[PDB]
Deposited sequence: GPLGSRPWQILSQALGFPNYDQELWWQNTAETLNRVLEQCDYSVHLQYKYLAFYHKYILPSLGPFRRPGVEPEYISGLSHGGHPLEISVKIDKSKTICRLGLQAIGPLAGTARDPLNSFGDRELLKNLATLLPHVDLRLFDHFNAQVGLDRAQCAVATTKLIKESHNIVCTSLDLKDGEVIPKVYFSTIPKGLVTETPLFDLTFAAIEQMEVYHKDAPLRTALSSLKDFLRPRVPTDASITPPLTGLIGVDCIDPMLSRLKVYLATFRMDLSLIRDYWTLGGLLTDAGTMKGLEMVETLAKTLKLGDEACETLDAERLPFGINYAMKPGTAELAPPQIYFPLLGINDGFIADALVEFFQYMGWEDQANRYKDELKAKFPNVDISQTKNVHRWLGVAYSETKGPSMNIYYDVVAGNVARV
């Protein structure tokens, strides 16, 4: 199998990398097989993962070895998730990580401020269409100096000592990077409202200055958000907690504004999904029915508003449900049910057996940490989709 062949051919520079491979790569290869990637792409993505991602992952937290940097991306503190994005017809695999610098979580780098960009630089000489300009824009607007990073660490739990996260879509035959910047450290240290910071960073983008439609969409979103998030500097959910961009040509990149909140019920889902009554069309409502059904059939909730240059009008957000603490066999049975409801019979009929085969070392009827998040979306052009995020290390140990 590719993951075994690459281990034979490449070995490992060090033991943490070897332990990362032994705890993730068989799962990754399985996901790729299940999603119908050809063998040549399996090799491509696994070889890429070996060379670029393994060294980015830092030490492998395990009994007796407590790293200096502890990630919020997973239950055991490992800076890695693997996700799938499921349509009617097809499934795409994606990696989410934090790239860990070698002084991360110590005085010289308290918020792991440098590793992700270093990874992106290696990707920019690897891949012709990687563009770092929006990364650099937002790193400039929300990043902090060393002293400020140290102040932020005294105000934040260990699992939130970060400023950026990276995801890599393994799509078509390419690697497509996207990043998310956190607003909280800058809000805490500057005592500036999260809302003001978020929109000020956005309004200073080059593309915002050139694109009237984006400015119109952003003004509707600010109207919607202003009354719903804090006006003061407090970290009171609901709040504008992340800004996401795609590492592509800025005029093509989707700009994402992510809300985090700890309350969700039907009223709130409806409010978020329709932007308080702004969106009342049939596509929107069909999406809403999906999301309501999913909630009935079934960490903060997330709401992600995505905007593109050239589009004046806002769409429904993607909504993220946290699943940590809920039985993974229950979740699987629920998703089978939801897939049937969506008419995705094939996905329903394979979901549970494929889930087990992804995570052979664990008994999913006994685990509660393997499914970590579920995202749901509905797009006027693309259709409905569902994003499932897995704590791959929890699924392997």
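Missing from the model relative to the deposited sequence are positions 1-5, 304-317, 417-419 (no C-alpha coordinates, numbering from 1).
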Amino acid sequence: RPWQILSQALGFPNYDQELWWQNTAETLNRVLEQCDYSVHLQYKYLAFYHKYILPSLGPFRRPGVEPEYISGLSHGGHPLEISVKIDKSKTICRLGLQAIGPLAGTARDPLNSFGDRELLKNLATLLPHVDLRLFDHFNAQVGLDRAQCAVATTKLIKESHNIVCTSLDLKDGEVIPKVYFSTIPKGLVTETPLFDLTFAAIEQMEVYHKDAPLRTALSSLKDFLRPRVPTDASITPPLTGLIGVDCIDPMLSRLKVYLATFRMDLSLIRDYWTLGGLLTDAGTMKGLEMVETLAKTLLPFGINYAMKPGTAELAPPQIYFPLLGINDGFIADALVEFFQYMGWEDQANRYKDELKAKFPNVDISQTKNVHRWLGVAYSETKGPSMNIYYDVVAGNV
From here on, numbers count along this sequence of modelled residues.
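Each form is matched to the other, and the largest set of C-alpha atoms that superpose within 1.5 Å is called the rigid core.
The rigid core fit leaves 78-86 as the farther-lying stretch in 5 other deposited structures of this protein, judged by Cα positions and set against 278-286 and 78-86.
The PDB entry reports B-factors from which the mean C-alpha value can be compared for 377-385 and 16-24; the larger average falls on 377-385. For the pair 289-297 and 132-140, the mean B factor over Cα atoms is greater in 289-297.
The residue among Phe48, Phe359, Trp344, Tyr69 whose C-alpha atom has the highest B-factor in the PDB entry is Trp344. Taking only the listed residues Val175, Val207, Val245, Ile319, the entry reports the highest CA temperature factor at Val207. Per-chain ranking of the deposited C-alpha B factor places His75 in the middle third. Placement of the Cα temperature factor of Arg108 within the chain: lowest third of the modelled residues, per the deposited record. Sort the modelled residues of the chain by CA B factor and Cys35 lands in the middle third. Ranked by C-alpha B-factor against the other modelled residues of its chain, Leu41 falls in the lowest third. Sort the chain's modelled residues by C-alpha temperature factor and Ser83 lands in the lowest third, per the entry.
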